[PDB]
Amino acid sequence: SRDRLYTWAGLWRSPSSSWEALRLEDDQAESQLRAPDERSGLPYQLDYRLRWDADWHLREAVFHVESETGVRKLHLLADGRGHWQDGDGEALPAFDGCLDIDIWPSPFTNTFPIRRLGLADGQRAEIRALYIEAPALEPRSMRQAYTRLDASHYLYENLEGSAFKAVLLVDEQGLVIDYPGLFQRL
């Protein structure tokens, strides 16, 4: 009654991408990510917080996305041993075996397998990642591989059929500097 909402979408288009600002503590991160919906062409903002254990196993994830379609939330709990549940404590068996989350579009999440696995040069690991693509935030299990090439370079590969592969340049804490052609640290 006090006010009335009016919403406008632009019809003009310009090329655009993501911008993410993250704050990192020892056992948790909080981030604000802004990016275009790649189907609709309209912007969204994703706010999220991740919390992990001493061994860099994910224990909690909270997401809040705002877009033209409305506000969507997601709350996930993980036991650090591959068992997931929602914020209501309902088990999510479809994610069994996932130890790490991978959020698109964010190169933050590549840090988890790096820090968790502690790979040596030349060592390869195949993982089951819980892949969550903004803005829809509908998680699904995804097979991935990481190979340590040297201290600052990791070979990332999709294992589900795309054959996508990339070499990540990371810093001494395992944070991505360059995700070549996809993300740059500012």
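Counting begins at 1, following the sequence as shown.
Mean CA temperature factor is higher for 37-45 when stretches 146-154 and 37-45 are set side by side in the entry.
On average the C-alpha atoms of 159-167 have higher B-factors than those of the other stretch, with 159-167 and 7-15 being the two compared.
Sort the modelled residues of the chain by CA B factor and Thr69 lands in the highest third. In the deposited entry, the Cα temperature factor of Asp100 places it in the middle third of its chain's modelled residues. The entry lists a Cα temperature factor for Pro135 that places it in the highest third of the chain's modelled residues. In this PDB entry, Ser141 carries a Cα temperature factor that places it within the highest third of its chain's modelled residues. Among all modelled residues in this chain, the alpha-carbon of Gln123 has a temperature factor (C-alpha) in the middle third.
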